[PDB]
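# A closer look at the structure
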Amino acid sequence: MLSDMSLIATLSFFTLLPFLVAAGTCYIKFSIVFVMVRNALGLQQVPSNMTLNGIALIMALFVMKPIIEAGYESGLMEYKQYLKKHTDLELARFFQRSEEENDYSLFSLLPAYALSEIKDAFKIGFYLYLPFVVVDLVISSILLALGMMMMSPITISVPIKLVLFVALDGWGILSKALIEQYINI
Amino acid sequence: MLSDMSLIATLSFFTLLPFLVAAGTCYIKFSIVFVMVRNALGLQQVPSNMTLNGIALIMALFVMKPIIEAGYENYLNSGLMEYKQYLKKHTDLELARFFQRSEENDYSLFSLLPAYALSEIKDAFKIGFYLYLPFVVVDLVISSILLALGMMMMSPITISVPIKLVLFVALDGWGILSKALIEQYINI
Amino acid sequence: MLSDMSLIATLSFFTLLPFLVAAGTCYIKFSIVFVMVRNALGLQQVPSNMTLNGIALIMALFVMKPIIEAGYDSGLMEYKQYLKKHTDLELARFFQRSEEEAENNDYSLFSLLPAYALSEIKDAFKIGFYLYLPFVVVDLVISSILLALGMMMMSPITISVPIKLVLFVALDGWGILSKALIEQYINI
Amino acid sequence: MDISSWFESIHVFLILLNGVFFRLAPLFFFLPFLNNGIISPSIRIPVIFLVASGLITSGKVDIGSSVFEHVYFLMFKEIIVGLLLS
Amino acid sequence: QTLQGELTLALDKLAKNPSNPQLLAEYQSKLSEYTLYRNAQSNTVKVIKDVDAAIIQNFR
Amino acid sequence: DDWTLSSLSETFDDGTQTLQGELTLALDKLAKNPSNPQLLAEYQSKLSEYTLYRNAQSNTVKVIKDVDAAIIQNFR
Amino acid sequence: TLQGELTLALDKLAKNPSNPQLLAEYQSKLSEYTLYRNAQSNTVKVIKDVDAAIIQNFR
Amino acid sequence: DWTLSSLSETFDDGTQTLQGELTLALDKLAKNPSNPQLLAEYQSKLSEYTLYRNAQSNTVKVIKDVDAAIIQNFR
Amino acid sequence: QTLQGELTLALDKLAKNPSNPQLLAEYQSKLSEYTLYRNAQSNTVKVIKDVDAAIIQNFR
Amino acid sequence: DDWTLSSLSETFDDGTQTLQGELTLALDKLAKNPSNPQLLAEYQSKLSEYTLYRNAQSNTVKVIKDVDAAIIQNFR
Amino acid sequence: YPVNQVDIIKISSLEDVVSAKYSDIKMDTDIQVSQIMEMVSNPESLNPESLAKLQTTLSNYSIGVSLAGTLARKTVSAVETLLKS
Amino acid sequence: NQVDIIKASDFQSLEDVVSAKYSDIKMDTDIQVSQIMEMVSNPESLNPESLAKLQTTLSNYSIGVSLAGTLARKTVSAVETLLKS
Amino acid sequence: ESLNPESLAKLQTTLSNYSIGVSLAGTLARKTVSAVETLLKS
Amino acid sequence: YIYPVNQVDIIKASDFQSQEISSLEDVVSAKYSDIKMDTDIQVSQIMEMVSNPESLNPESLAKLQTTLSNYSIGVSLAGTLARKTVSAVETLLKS
Amino acid sequence: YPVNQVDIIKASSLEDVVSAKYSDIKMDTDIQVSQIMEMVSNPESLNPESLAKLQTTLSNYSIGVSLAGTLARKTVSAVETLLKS
Amino acid sequence: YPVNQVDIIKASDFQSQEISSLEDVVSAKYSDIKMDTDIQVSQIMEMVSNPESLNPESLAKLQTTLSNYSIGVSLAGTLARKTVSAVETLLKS
Amino acid sequence: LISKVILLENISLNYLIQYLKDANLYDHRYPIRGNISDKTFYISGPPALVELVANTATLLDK
Amino acid sequence: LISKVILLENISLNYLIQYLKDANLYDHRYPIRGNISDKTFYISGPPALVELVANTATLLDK
Amino acid sequence: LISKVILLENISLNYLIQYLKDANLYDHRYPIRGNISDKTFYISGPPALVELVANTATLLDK
Amino acid sequence: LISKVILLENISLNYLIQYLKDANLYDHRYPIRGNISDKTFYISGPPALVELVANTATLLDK
Amino acid sequence: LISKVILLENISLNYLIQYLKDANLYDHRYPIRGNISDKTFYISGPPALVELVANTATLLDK
Amino acid sequence: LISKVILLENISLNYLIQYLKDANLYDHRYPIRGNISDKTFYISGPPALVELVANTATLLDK
């Protein structure tokens, strides 16, 4: 059984659960990184974004297991500690000042964590784009120096980028690196 | 507490709450600015719209805290006057004057709310255009360099994204932008 | 009929069916291979993407029929055996380490599915790279012929499409490709 | 009871709002600041209806005498005038 | 078998001798108990099946 | 199968049938002469038994009808 | 035939308002008719409700 | 023809001569309330009339209840 | 003539003579008929109009 | 139309008006001297008619209110 | 007012086929609606048997109209999905 | 609660009209509730005439409030459906 | 004070017609606007 | 033929029409026909129970209630599962 | 046990305010539940006046809880509508 | 057949041993919930079946048990629907 | 190929066998099994013959 | 091809056979099977003849 | 292979064995396990035999 | 391998053991644990044997 | 590994212990803890033995 | 670590202590604290021992 008002609160939290996950956990970094990789490879919608989002969701569940289990057996403090150790405190302090005038309110921590995670994900995406941009420019230079003023390099760079990503093992090693950075601490 | 008429009014107002928030608060400006910046980066669907909308909603809640507090103190357990004053502070005079009936202080939020919405849209678009400038600068520089090298069959979209991301990361981007918006909407 | 909790479980499983197929049921390989072939042939919308998805779904259902039949703990065990057959075990062990806290157990379901998905994506990219080679060879040969002729402003892709299509028809193309994939993913 | 009259008046007002929205949507399409690539569909429609409500309550909307019987001619006239205005 | 059989036996005894106070009291007790049992069983089945149906309604 | 309302009424009628014959015979004999104490006592006993039988039959039919109606309502 | 039986019982009761056996038979027939009508209406209501609920899910 | 007005008309017309017998007995009783035969006839007619009225009202009520119960299953 | 007019006539006759078995029975019958008529008409109109409205909601 | 509830109550009241005055006068006369058989019979008749009138009025109002409530619920 | 009792009474191209079927089904629905209105308007039908018949007719009409609308929506959506994408 | 007629009414701000109407109806409902509470609290209104008047007032209040609630719900639902998609 | 059952039934029918008309007009306007956008796609 | 229902008559070696079902289409058709036959049988049984003026005892009414509830639950569950499957196919096919 | 109504109180961050209000409402509902349970369990509050007070308290509690649930549902629906599209 | 009714358990068959993997946790919790609802169903069926359970106290206990079962099952269904809806919303891209 | 075990209450097995032989419906290839004294018989054969036997067994009570 | 087993109650099989033969409705290709003394008969043939036999058997109970 | 344990009331096991032997249906490959004293037996064999024996035992009581 | 503790009312353990021995349904590898004096026994073995013993024990109290 | 506190109501603890020992089911490694005079005992061991003891304690009330 | 306060109704504390000592279930590291005259005691210790004491106290009433 459960209490009356506690039931209302639990139902409200579960109703807001998808948006809270979308704006309050590691799902942001995984989703952004995978979409960036897909765009970098030059493919339009081949990787079937449902698959990428599902993989990101499972990885987020793996990351959130300790905090979820801590709250399952007052995990709010643990969640606040996680956010505090994975955000920039200057933005949190500014949002705290946006109120009346080391508590770090949960409402003041969510935007800071979201923006910091988005910035980190963009940095990771830039780090990812470099080899593919190099491949595209190299093949374009080779084609142009050969004497061809046509046959856009994007019709030939796809196999080279794909084989490079296959040799690198790509997705597996990238996911291992991300999850090692996040949970293996 | 709410015998048989305040209950009906409160339920009706809470049912119209989604549209009232989406067309009578600061949410419009933040949503438009975030979407325009995300489009200016060259991306299409890299950050999900749910994340940006949630951030905008939280920022709107932060901005609307005093008026929400006053309304909860008065009605549920004067807030309309505070909301009207907020709209007057954050509207354009010309739009309100036009929405006035005819024959040459504007009130009647019925006729003031559309003016507020249009002013918010205009200001958000101005901010988006301001933020578009460095990214279009990077795009044009890349295009000019590519044309100079002699290659023309490849669009600068492939190379513009990493440089735009680098510029936004170095600028710190989202944090300073949100701070600027909150400072604009909170002076006292 | 069914009990109260078993009804909830089966309804939830059927609700999550599209995402369970998306997480990987050999449908990922078929879909990616077909879309990559469409891109390689120089076509953008002709093969009616929904048709490719439909035939890929039919092939995936044919492959999954032994699992479904042997299902109805038997179904879960058979699914895990199939995954272990068609994944890279090292990533599965790494995800087991990430989930729990080097061991030797059967495996973990939540720790095996992403590994299978990533291995399937890697294999799909491998087969796509194998497929692109004759088409890019034809494109380069035609480009060289056109350039050696003397024309400088003739786009090779304007004329490469019929030759690529006739080569793919002579190879018999889609039937042989489907046979190869189903032989990869079938026993005996 | 006057509640019936209130309901009738509100529904007539909503019909007029629908007409003004019919006229305004093409304008909201052919306009590259409120383009439907930067404003979400959950924000565009309420804004359009609020603008329509303000315009009609300001007494700046002209109405004739419902001359044409068939409403389809009226609908197509409104659509074509909206396209011309956009 | 117990409740329904006893009710039928009491009904037959009352039908043969509809004037004995002991028979009247026993028949009253058995009839009331049977009515209560049937009402309780019907309500319980109705509640269980209503819950089962309402589970499906949430998933459509 | 034999628990319908008509079945209950038939069971009540058949399970007590000689009583009605005795009652009508007593009524006829009373009409012939209304002064015999033995006849009066017998008629009183028979009339009381008949009244009790009718009341019991009606009450049982009503109770079973109510139960059946209660079971029906759960269909909705 | 239940309608006809009820009609005959009602006509006989109209003829004799005070006959105990006739009153009991009329009571039994009326109660059976009421129960039958309610059962039939509820059953058809349930069947049609299920049939309409099938469509309501797909729209 | 199982309406309510038709049902009431059937119930009334099924017992019509009894009403005339009752009113004749009532006038004769008003003439003098001392004839034992008159008293017995009046008692019998009054009891039968009361039973008829109660039966008619109860039957109409039951039929109306059934008809109302049918209506609720229109949706 | 119409049912409501006949009901009004019966109501007036009952009001003039508040104690008469025949008037009481007729008024009871007519009131019950009017109640059934109104309930049936309202339910039928509701069903038809709800189907008509639900036709639109599929497209939106 | 006059099918309101207050209108029905007014109709029932004003339609039967002399009866109320007769009942009041009979009650006062009875309170003066409660020993006349004719007065007692008249008082009994008036009281019975008043009780029947009140019961009929209340039942009619309840039925009309029930019909009005039933129609309202079918709006949505 | 009186009603008689003892009285007894006694193909082209595809587009035309579609039009004929549409007209026939519209006429059938109109006839059903008219019969329902006739049954509900007349107070002589307020009997349990006629009420049950009216309930069955109303349920059948509702099911038929809802099914026709749903099928039409499904067909239009199928055309939209085939062409627009 | 008076004997007056209000002719030559106005024949020649929408938020003002809405607020005025809402205040009027709220005042009417509140005075209805207060009137019935006063009439029921007095241990001297327990007579058939006053009881009948109380029944009429209570029934009218219930019917009016229910109708207002249903109409408001329908209006709000219509607006929400208009502004939803 | 018009809340007699006949007035209630007429009001029910009229309000149902009003709601159906409003919904139909809104749906038609939305469909036409979406049609124009689809024709002028991209 | 005539109404009597052969009270004491037991079937043995009932027809099974083996018809090897190696094809998946045959299995699907057989299962669909079987479930349709089962639900038609339940509808026939409930119609027979409500038609006879003998299901007026508490036992018969309870049996009818249980059968009606089981039929409703089964049909609703089958419809929900079919909707879930077709929605899954639509979602997968639409990218 | 809770004090009688003869003792009256005097002068009694966004997230902190929300949590304080939530705890206050939760405690009020819990104390109402405890009071009604105590009144029912005790076989001494069976006088008609105490029963009427219990009825009023129970009705008010039900209305308040239902209103709070409905308002919470409206709020979460508003957030879902804003963010989903 | 009859319940023992005089028996208490110490160090029950599960003491949170080998509950490391998340999948095992989910399976164990699902099995526990299924067993709890099954024993509740068996209890209520036994209560309604026995004619010797028609007492006011017995009826009140049966009502409380049935209400608790209904509330628990409805809450579980609602929570499962909310979870799957959240997953759908996240994965709809 | 179907079989049925049927219980006849007012007719012995010999009567049914004689009736079927007289009507030329009985075929001496799939005989009816069961002792003549008792009244519970068994029959296995093609669907038409088994259905005929069942119908004539359940339609010989009047 | 329809086959039925029909039992008569207030009429004998011989009367039905004579009526059909005299009414020019009997067909000497699908004769009725059964015994004259018994009251249960078997009729197999085209649907028209079988339906005619069934209707004339159920409409000859007076 | 199907195995069942059955209990008859009005007929001893010897009567059932004699009936099945004289009906030319009993087989000496799957004999019934039972004691002549009591009336509870056990039959294990092919589905047709088990079903036939069970239903002829439960249909032998009149 | 199943195990069941069974209680019988009207029959002693020795009678059941003798019945099983005379029916050739008892094997000296999984003996029925229990006491002759008492009436509660314990049977553990293959599922067929356990089902047979349980059904016999619950079907001998006729 | 489980433990159970069992309250037998109409039997002696020593009688149960002797019955288990004579049935060979009792194991001299997890003895039944408790007092002979009292009627509540404690049994700790593997699930098979614990379930056996519990069922034989709740099945020896006659 | 679990601590409980237990009120036994019809058994003295010293009797329960003697019972536990006899059963060898009482160890002198997590003892039962209280007054001998009164019938309410406090027990704090490992979950198994605390549960055992509580249940053997609450189940010792019969």
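Residues numbered from 1 in each chain as written, not as in the entry; some residues may be left out. Chains lettered and ligands numbered in written order. Part of a larger assembly, values for the part shown. Heavy atoms only, no water.

Per the deposited record, the coordinates in this entry were obtained by cryo-EM to a resolution of 4.05 Å.

Under the PDB entry, the name given to chain P is Protein MxiI, and the source organism is Shigella flexneri. For this structure, the PDB header gives the title as "Type 3 secretion system export apparatus core, inner rod and needle of Shigella flexneri". As its UniProt record puts it under Function, chain P is described as follows: "Necessary for the secretion of IPA invasins." Regarding chain P, the UniProt comment filed under Sequence similarities reads as follows: "To S.typhimurium PrgJ." (UniProt positions renumbered as here; feature names shortened; annotations may be inferred.)

According to UniProt, the comment filed for chain C under the heading Subcellular location is "Cell membrane". If you open the UniProt record of chain C and go to Sequence similarities, you find "Belongs to the FliP/MopC/SpaP family."

A separate point is the overall build of chain C. Across its full length, chain C carries 9 helices and 0 strands. The helix and strand sequence of chain C, counted from the amino end, reads α-α-α-α-α-α-α-α-α. Over its C-alpha trace chain C gives a radius of gyration of 22 Å, far above what one expects of a compact globule, namely 16 Å for 188 residues. A burial count over chain C gives 47% of its 188 residues as buried. Per element, the accessible surface of chain C, about 9,700 Å² overall, is 66% carbon and sulfur. (Helix = DSSP H or I, 4+ residues; strand = E, 2+ residues; numbered from the N terminus. Rg over C-alpha atoms; globule rule 2.2 N^0.38 Å. Buried < 20%, exposed > 50% of the residue type's maximum accessible area, 1.4 Å probe, protein only. Areas by Shrake-Rupley, 256 points an atom, 1.4 Å probe, with all protein chains shown as cover.)

The two faces of the sheet receive side chains in turn, since in a regular strand these alternate between them. Residues and elements named next belong to chain U. Among the 6 residues in strand β1 (residues 2-7), 6 count as buried, and that is most of the element. Where burial is concerned, the two faces of β1 agree: the one with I2, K4 and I6 and the one with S3, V5 and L7 are both buried. Where β1 lies against strand β3 (residues 40-45), 6 bridges are found, and the strand directions are antiparallel. Looking across to β3, one finds that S3 is bridged to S44. (Pairing = 2+ DSSP bridges.)

Turning next to helix α8 (residues 157-167) of chain A. The periodicity of an α-helix, 3.6 residues per turn, causes residues three or four positions apart to be oriented the same way. If you check which residues of α8 of chain A are buried, you get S157, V158, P159, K161, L162, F165 and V166 of chain A. The secondary structure elements touched by the buried residues of α8 of chain A are α3 (27-41), α7 (106-146) and α9 (171-182) of chain A together with α3 (27-40) and α7 (109-149) of chain C. Immediately beyond the C-terminal end of α8 of chain A, within one or two residues, lies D169 of chain A, with a positive phi of roughly 75°. (Contact = heavy atoms within 4.5 Å.)

Residues and elements named next belong to chain C. Positionally, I55 belongs in helix α4 (residues 49-71). Looking at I55, the relative accessible area reads 37%, which means it is partly exposed. Each C-alpha atom, one on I55 and one on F30, is 8.6 Å from the other, the two residues being 25 residues apart in sequence.

On to the interface of chain B and chain A, then. With 30 residues of chain B at the interface, the matching set in chain A holds 37 residues. Summed over both sides, the interface of chain B with chain A buries roughly 3,300 Å², with 81% coming from carbon and sulfur. Where chain B meets chain A, there are 1 salt bridge. Across the pair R97 of chain A and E183 of chain B runs a salt bridge, and its minimum N-O distance is 3.9 Å. Taken together, the connections running from chain B to chain A amount to 3 residue pairs in polar contact. Those elements that place two or more of their residues in the side of chain B that touches chain A are α4 (49-63), α9 (157-171) and α10 (174-185) of chain B. Within the side of chain B that touches chain A, the residues separate by chemical class into 21 nonpolar, 6 polar and 3 charged. (Buried area = accessible area lost by both parts, 1.4 Å probe. Salt bridge = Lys/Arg side-chain N within 4 Å of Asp/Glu carboxyl O. Polar contact = N/O pair within 3.5 Å; in protein donor to acceptor, adjacent residues only side chain to side chain. Nonpolar A, V, L, I, M, F, W, Y, C, P; charged D, E, K, R; others polar.)

In space, the 4 strands of this open sheet follow the order β1(P)-β1(U)-β3(U)-β2(U), with antiparallel pairing throughout. Edge positions in the open sheet fall to β1 (7-10) of chain P together with β2 (33-34) of chain U, since each of these has one partner strand only.

Turning next to the sheet that holds strand β1 (residues 2-7) of chain Q. The strands making up a sheet associate through backbone hydrogen bonding, with each pair oriented either parallel or antiparallel. In spatial order, the strands read β1(N)-β1(Q)-β2(Q); together these 3 strands make up an open sheet with antiparallel pairing. Edge positions in the sheet fall to β1 (9-12) of chain N together with β2 (40-45) of chain Q, since each of these pairs with one other strand and no more. Here the strands of the sheet are splayed against their neighbours by 15° on average, with no regard to which way each runs. (Axes fitted to C-alpha atoms, helices over the stretch in contact; angles between N-to-C directions.)

Attention shifts here to the nonpolar core. Counting 211 residues, the largest nonpolar core has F122 and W171 of chain A, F30 and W174 of chain B together with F125 of chain C as its most contacted members. With 14 residues, the top contributor of residues to this core is α7 of chain A. Once you skip the residues sitting within four places of it in the chain, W174 of chain B turns out to touch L115, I118 and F122 of chain A together with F34, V37, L41, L52 and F168 of chain B. Judged by nonpolar contacts, the second largest core, of 26 residues, contains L25, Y26, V53 and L59 of chain S. (Core = buried A, V, L, I, M, F, W, Y, C linked by side-chain atoms within 4.5 Å.)

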